[PDB]
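The structure appears below as structure tokens.
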Ligand SMILES: CCCCCCCCCC(=O)N(CCO)C[C@@H](O)[C@@H](O)[C@@H](O)[C@@H](O)CO
Ligand SMILES: CCCCCCCCCC(=O)N(CCO)C[C@@H](O)[C@@H](O)[C@@H](O)[C@@H](O)CO
Ligand SMILES: [Br-]
Ligand SMILES: [Br-]
Ligand SMILES: [Br-]
Ligand SMILES: [Br-]
Ligand code: NA
Ligand code: NA
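Here it is, written out as structure tokens:
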């Protein structure tokens with residue numbers, strides 16, 4: 131559980147670093163700095179307007195953006211369930 | 131677990147083949163080609179703007195679209211839950 | 131499990147009957163007939179735009195609408211988890 | 131289980147008392163009185179338009195609003211999961 135939450139924070143920070151560099155210049159409101167990118171990736175993790183509000187607008191400039199976002203959603207949500215269920219048992 | 135992930139991929143692919151055919155011509159931005167259709171059905175599976183942003187606009191042209199999307203949501207949502215729980219149990 | 135799904139269908143139909151009578155006249159696009167109301171209550175059960183898209187617009191005309199919608203969400207989602215987990219075990 | 135449902139109600143009430151105070155004057159439609167604040171925090175807890183529709187507009191005026199809402203989502207989401215699983219286990 132402790133190791134699970136550690137992995138989640140590292141992946142979240144690494145993903146927000148990547149997102150800042152990729153979309154920061156073209157999408158400054160969402161990815162303009164590390165802070166903004168961490169906030170956006172949390173919104174995306176919660177699945178709130180991820181496609182209609184974030185990813186589809188991002189894909190209009192960067193067609194391959196889904197290669198970042200879809201694996202991120204698959205990875206962070208699977209980890210979150212694993213962490214939530216893992217903490218409940220212990 | 132592997133068979134579940136295989137079944138989900140097959141079901142997902144056929145669903146996007148069907149959706150391209152049904153809505154492609156009338157909704158090209160969301161279902162105009164297999165790629166776009168795989169992306170939309172993923173958005174639909176996550177439940178993101180599925181009704182307000184996709185299914186209701188689709189229902190304006192195709193009144194029965196709900197016969198496709200509602201069973202799709204029910205089928206994939208039950209499977210993704212079963213798959214994610216399946217990995218957790220088969221690791222404890 | 132079989133009894134759980136039976137209860138869910140009855141509550142869903144009864145709720146869609148109630149919604150048609152309550153909001154049908156003022157909100158015809160969402161609750162104008164039993165069919166429309168069943169579709170809307172499914173959208174509301176999945177939590178998609180339930181407040182921003184449906185309930186807040188409904189509350190502008192019917193201030194107490196939340197007394198219908200909030201218990202519905204609480205009831206149908208709890209039942210759905212109970213049914214999903216219940217089927218997985220058996 | 132009962133203690134969990136009690137803790138959630140207390141946490142929910144205090145959160146809506148705080149939100150009324152912090153955002154009431156600047157966001158009256160969503161946090162203008164305790165009632166509106168209880169309703170908004172329920173919408174936020176379900177994750178419905180929490181960021182695009184509530185938290186980002188709130189962050190335009192109050193840049194630190196995320197310090198309130200993100201821990202709120204994390205706290206209530208973990209509790210609601212724990213409460214719902216808790217009833218299921220304490221019936222099997
Ligand atoms: C899982 C761990 C999730 C951690 C989430 C961390 C969020 C950090 C957000 C932050 O530090 N901000 C700067 C606060 O000064 C908020 C930004 O999101 C903000 O600059 C922009 O979004 C603006 O557009 C808002 O008007
Ligand atoms: C858990 C069980 C969920 C069951 C869901 C049943 C849905 C039945 C929907 C239906 O029969 N319709 C009529 C099909 O002719 C669709 C309506 O939703 C439609 O009339 C309106 O929404 C219009 O506004 C669309 O343009
Ligand atoms: Br969360
Ligand atoms: Br998912
Ligand atoms: Br569902
Ligand atoms: Br809920
Ligand atoms: Na949503
Ligand atoms: Na959701």
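Protein chains in written order, with PDB author numbering: chain B, 131 to 220; chain A, 131 to 222; chain B', 131 to 220; chain A', 131 to 222. A prime marks a further copy of an entry chain.
Quick reminder that beta carbons are idealized off the backbone N, C-alpha and C, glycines included.
query                                                                                                                                                                : result
Please report how far the alpha carbon of residue 211/A' lies from the alpha carbon of residue 170/A', in whole angstroms.                                           : 19 Å
Pick helix, strand or coil for residue 176/B, following the three-state DSSP scheme.                                                                                 : coil
How would you list, in chain order, the residues of chain A whose beta-carbon sits under 9 Å from the beta-carbon of residue 171/B?                                  : Ordered by position in chain A, no residue passes the 9 Å Cβ test against residue 171/B, which lies about 15 Å from the chain.
Heavy atom of ligand 3 less than 7 Å from the Cβ of residue 203/A', yes or no?                                                                                       : yes
Given a cut-off of 8 Å on the beta-carbon distance, is the pair residue 209/B' and residue 134/B' in contact?                                                        : yes
Taking residue 156/A as the query, report the chain B residues whose CB atoms sit under 7 Å from its CB, ordered along the chain.                                    : Those within 7 Å of residue 156/A in chain B number zero; the least Cβ separation is about 18 Å.
Just curious, the alpha helix (DSSP H) that residue 221/B is in, first and last residue?                                                                             : Given a span of 131 to 220 for chain B in the structure shown, any question on residue 221/B remains unanswerable.
Here's the rule: buried if 16 or more other CB atoms are within 10 angstroms of the residue's CB, otherwise exposed. What is residue 204/B'?                         : exposed
Going by DSSP in three states, residue 162/B sits in which element: helix, strand or coil?                                                                           : coil
If we define contact as Cβ-Cβ less than 8 Å, is residue 206/B' a contact residue for chain A?                                                                        : no
Take the Cβ of residue 132/B' as the centre, count every other Cβ of all protein chains shown within 10 Å, and call the residue buried at 16 or more, exposed below. : exposed
Taking the alpha carbon of residue 147/A' as the reference point, which residue from 156/A', 162/A' and 179/A' has its own alpha carbon closest?                     : 162/A'
Nearest CA to the CA of residue 168/B': which residue from 182/B', 153/B' and 192/B'?                                                                                : 153/B'
Measure from the C-beta of residue 177/B to each C-beta in chain A' and report whether the shortest distance is under 8 Å.                                           : yes
Residue 168/B versus chain A: which residues are under 8 Å apart at the beta carbon?                                                                                 : The contacting residues do not exist; residue 168/B stays about 20 Å from chain A at best.
In three-state terms, what does DSSP make of residue 157/B'?                                                                                                         : coil
Residues of chain B' with a CB under 7 Å from the CB of residue 183/A': which are they?                                                                              : 182
Once the 5 residues before and after residue 124/A' are set aside, which same chain residues still bring their CB inside 6 Å of it?                                  : Given that chain A' is displayed from residue 131 to residue 222, the structure contains no residue 124/A' and the question cannot be resolved.
Would you say residue 233/A' reaches chain B', if we count a Cβ-Cβ gap shorter than 8 Å as a contact?                                                                : Outside the shown range of chain A' (131 to 222) lies residue 233/A', about which nothing can therefore be said.
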